[PDB]
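In: Here is the sequence, then the experimental structure:
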Amino acid sequence: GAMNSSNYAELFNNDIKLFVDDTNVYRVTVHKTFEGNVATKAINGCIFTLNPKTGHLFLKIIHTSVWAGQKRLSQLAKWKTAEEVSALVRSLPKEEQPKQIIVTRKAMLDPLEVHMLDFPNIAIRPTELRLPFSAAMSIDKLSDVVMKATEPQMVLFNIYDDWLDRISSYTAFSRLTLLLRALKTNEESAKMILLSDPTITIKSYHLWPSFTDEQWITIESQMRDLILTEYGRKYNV
Amino acid sequence: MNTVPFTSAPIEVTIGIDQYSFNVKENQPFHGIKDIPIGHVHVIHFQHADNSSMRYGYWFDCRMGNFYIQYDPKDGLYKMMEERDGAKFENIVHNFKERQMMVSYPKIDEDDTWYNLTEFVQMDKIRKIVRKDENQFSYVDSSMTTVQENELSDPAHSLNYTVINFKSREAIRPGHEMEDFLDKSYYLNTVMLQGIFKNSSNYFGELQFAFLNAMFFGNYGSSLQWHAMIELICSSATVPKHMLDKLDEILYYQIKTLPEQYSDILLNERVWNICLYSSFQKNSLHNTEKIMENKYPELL
Ligand SMILES: O=C(O)c1cc(-c2ccccc2)no1
Ligand SMILES: O=C(O)c1cc(-c2ccccc2)no1
């Protein structure tokens, strides 16, 4: 069934599972036309498919050519997402296939269920967590690969860098969600927090800076302050 | 015209014959129903006065045999039986017809209601949904489950309706997932009509039989099947014009006949609002839409 805060530790047990977020699949800019009407222009998007235990991110880049000459693009995007997740599962060896796929938006349930009929033992579930995965495109190296793509492409990342050498997957996911929530709430301020000290850098093969354990405590506290600050500005508190 | 005679009526019971019903008192001198129109299937159904649990009944066709009803005090119900002795049957029936111990099937001459509800229903198809090959008539009751219900538990006592499931491999061609899920025309025309039912008349017959079992017995799985067969047509972009026009007639007379006070339990709001107002065929059911809006506007 649904996934929430009561069964939160289930994300870090030994049953393979993937989160699928479709927020960034169909992305547009809205603009005026010469005649004063409004038009959309699509830009490249991505499917965010994440294993929360290992940090493995299957980023399928959605190139704007997939929309050419198609109708009802917001509906099509859900079915394209489900098509691509199904193709990913079929490409994985049996012992790597998930036992559960958790979708961040309930509108993905029927498209994914229909594309996965051949896998009746893979559970397709919603979640009551409000997960900030839309902010993935605020991670510079992810945004760069998506915008430079000239054709469909799958790129593999570990979204936890090397953190699991030092912390549990529960703690790593909690850090990721806090970082993404901060980037979603005030992107410029969050990146300033992450990059302000030029002596701490991002390794070529990483997504985030090489903070020590104590520096991650400081960063996490700065991110929580940013979020609370923004909540106060929003609601006049 | 034919006759279903009763040996006796030892327990108080409401007796239905098609869309008609009447009450018989405990040990009243009731000996059956006469003037039953030849040319249609019929259903004779029962609800005991002292225990309204289990509505039950029998589908039959007087052209296929001489049927009489007798109360079984061991199993506690009125049973349909076939009499193979033709002369005995006529002799007992005549004695009863002469002493005016039968009610008359009360058909008004202007009235096509029963034909309109059973136009596509044939006994041979009933006997494949309800499997009891030793009898020419078919028993149905309120609690009987369907094959689909039993997959999601005595198979000998089940309603073998054709399984319809919109999220099944039968309904969805590999490679046509979005197409087939949003437009059920493949499933309707190739899988169901060409493949399983062979023609629209058999499809409508099963739809009409499902409705009648839901209405007369309160059989829940029958109601599910009736709604699924409507939704399958309405959710298809490509349906032969003659089928759409016939479906409008079929549903109009079903909605016309439904007891007003049974609507909360016999009509699925989601299915009807989808079919009348959102589906491909939302503008193809003019007669049904008009009666639904004037008779059950709350549902919508
Ligand atoms: O063989 C029997 O037990 C039998 C036949 C009948 C019957 C009664 C009324 C009319 C037609 C047939 N009742 O019992
Ligand atoms: O066996 C027959 O042929 C028979 C029995 C009856 C009968 C009818 C009414 C009351 C009692 C018996 N009529 O014919």
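Out: Received it, and whenever you're ready, just let me know what you need. Numbers count the residues shown, from 1 in each chain, chains lettered A, B, ... in the order given. Ligands and ions are numbered 1, 2, ... in the order given.
In: Next up, the contacts around residue A:78.
Out: Shown in contact with residue A:78 (CB atoms under 8 Å, 6 or more residues apart in numbering or on different chains): A:22, A:25, A:107, A:108, A:111. Any C-beta I mention is one placed from the backbone N, CA and C, and that applies to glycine too.
In: Ok, residue A:49 next?
Out: A:18, A:19, A:20, A:21, A:57, A:58, A:59, A:60, A:85, A:88.
In: How about residue B:180?
Out: Applying CB under 8 Å, 6+ apart, the residues contacting residue B:180 are B:171, B:172, B:173, B:186, B:187.
In: Return the residues of the stretch 1-150 of chain B in contact with ligand 1.
Out: Contact residues (CB under 6 Å from any ligand atom) of the stretch 1-150 of chain B with ligand 1: B:5, B:7, B:68, B:70, B:83, B:89, B:92.
In: so the second one sits right up against residue B:78, yeah?
Out: No - under the contact definition of CB atoms under 8 Å, residue B:7 does not touch residue B:78, with a separation of 9.7 Å.
In: which one of these two has more residues nearby?
Out: Using other CB atoms under 10 Å in any protein chain shown as the criterion, residue B:7 and residue B:78 rank with residue B:78 on top: 24 against 15.
In: what about that one, helix or strand, and which?
Out: Element membership for residue B:78, per DSSP states H and E: strand B:77-82.
In: Nearest to ligand 1 among the contacts of residue A:49?
Out: Ranked by distance to ligand 1 (CB to the nearest ligand atom), these are led by residue A:85 at 66.6 Å.
In: which non-adjacent residue is nearest the closest one?
Out: Spatial nearest neighbour of residue A:85, chain neighbours left out: residue A:20 (5.6 Å); criterion: CB to CB, 6 or more residues apart in numbering or on different chains.
In: quick one: strands adjacent to the helix or strand harbouring the one you found?
Out: Per DSSP H and E, residue A:20 falls inside strand A:17-21. Strands that pair with strand A:17-21, judged by DSSP bridges, come out as strand A:45-50 (antiparallel), strand A:100-103 (parallel).
In: helix or strand right after the first one?
Out: The element immediately downstream of strand A:45-50 (helix or strand, assigned by DSSP H and E) is strand A:56-62.
In: From the contacts of residue A:78, list just the buried residues.
Out: Buried subset of the contacts of residue A:78 (neighbour count, 16 or more other CB atoms under 10 Å in any protein chain shown): A:22, A:25, A:108, A:111.
In: Distance check, residue B:232 against residue A:65.
Out: 36 Å (CB to CB, to the nearest Å).
In: deepest of the strands paired with strand A:17-21, which one?
Out: strand A:45-50 (a mean of 25; mean count of other CB atoms under 10 Å in any protein chain shown).
In: Rebuild the buried ones among the contacts of residue A:78 as JSON lines, extending it with secondary structure and distance to ligand 1.
Out: Output for the buried ones among the contacts of residue A:78, formatted as JSON lines (DSSP: H, G, I helix; E, B strand; the rest coil; distance: CB to the nearest ligand atom, whole Å):
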{"residue": "A:22", "secondary structure": "coil", "distance to ligand 1": "69"}
{"residue": "A:25", "secondary structure": "coil", "distance to ligand 1": "72"}
{"residue": "A:108", "secondary structure": "helix", "distance to ligand 1": "64"}
{"residue": "A:111", "secondary structure": "helix", "distance to ligand 1": "61"}
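In: Please identify which two of these are farthest apart in space.
Out: A:25 and A:111 (11.4 Å; CB to CB).
In: if I look at these two, which residues touch both of them?
Out: A:78, A:81.
In: Dihedrals phi and psi, residue B:67?
Out: phi -110, psi 140 (degrees, to the nearest 10).
In: any idea how far it lies from chain A?
Out: Distance of residue B:67 to chain A, given as CB to the nearest CB, to the nearest Å: 46 Å.
In: Give me the residue at the spatial middle of chain A.
Out: residue A:133 (3.7 Å; CA atoms, centre = their mean).
In: so that one touches residue A:104, yeah?
Out: Yes - applying CB under 8 Å, one finds residue A:133 in contact with residue A:104, separated by 6.0 Å.
In: okay, and the common contacts of those two?
Out: In contact with both residue A:133 and residue A:104: A:19, A:21, A:23, using CB under 8 Å, 6+ apart.
In: Next one: the first one from residue A:85, what distance?
Out: When distance is defined by CB to CB, residue A:19 is 11 Å away from residue A:85.
In: which one of these two has more residues nearby?
Out: residue A:85 (26 against 22).
In: Just the buried residues of the longest helix seen in chain A, please?
Out: What stands out as the longest helix in chain A, according to DSSP state H, is helix A:213-235. Buried residues in helix A:213-235, defined by neighbour count with 16+ other CB under 10 Å: A:216, A:219, A:220, A:222, A:223, A:226, A:227.
In: is it possible to export the strands paired with strand A:17-21 to CSV including distance to ligand 2?
Out: Putting the strands paired with strand A:17-21 into CSV (distance: least, CB to the nearest ligand atom, whole Å) gives the following:
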stretch, distance to ligand 2
strand A:45-50, 80
strand A:100-103, 71
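In: nearest to residue A:232, of these?
Out: Closest among those, using CB to CB: strand A:45-50, at 29.5 Å.
In: Relative to the whole chain's centre, how far out is the closest one?
Out: Distance, stretch centre to chain centre, for strand A:45-50: 6 Å (CA atoms, centre = their mean, to the nearest Å).
In: what's the answer for stretch B:56-69, then?
Out: The answer for stretch B:56-69 is 15 Å, by CA atoms, centre = their mean.
In: what do you get for stretch A:91-103?
Out: On CA atoms, centre = their mean, the centre of stretch A:91-103 falls 17 Å from that of its chain.
In: hmm, back to that, dump the strands paired with strand A:17-21 into CSV; add distance to residue A:127 as well.
Out: CSV is the format used below for the strands paired with strand A:17-21 (distance: least, CB to CB, whole Å):
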stretch, distance to residue A:127
strand A:45-50, 12
strand A:100-103, 5
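In: now the farthest one out in the chain, which residue is it?
Out: Because you didn't say which chain, this covers chain A. residue A:35 (37.6 Å).
In: You answered for a different chain; I wanted chain B.
Out: residue B:175 (37.4 Å).
In: Now do the SS call for it.
Out: When classified by DSSP: H, G, I helix; E, B strand; the rest coil, residue B:175 comes out as coil.
In: Quick check: the gap between the residue in chain A positioned nearest to ligand 2 and ligand 1.
Out: Here the residue of chain A nearest ligand 2 is residue A:120; by CB to the nearest ligand atom that distance is 60.6 Å. Noted for residue A:120: a distance of 53 Å to ligand 1, by CB to the nearest ligand atom, to the nearest Å.
In: phi, psi of that residue?
Out: phi -60, psi -20.
In: how many other residues sit next to residue B:200?
Out: Neighbours of residue B:200 (other CB under 10 Å): 21.
In: Test my guess that it contacts residue B:239.
Out: No - in this structure, residue B:200 is not within contact of residue B:239 by CB under 8 Å, at 9.3 Å.
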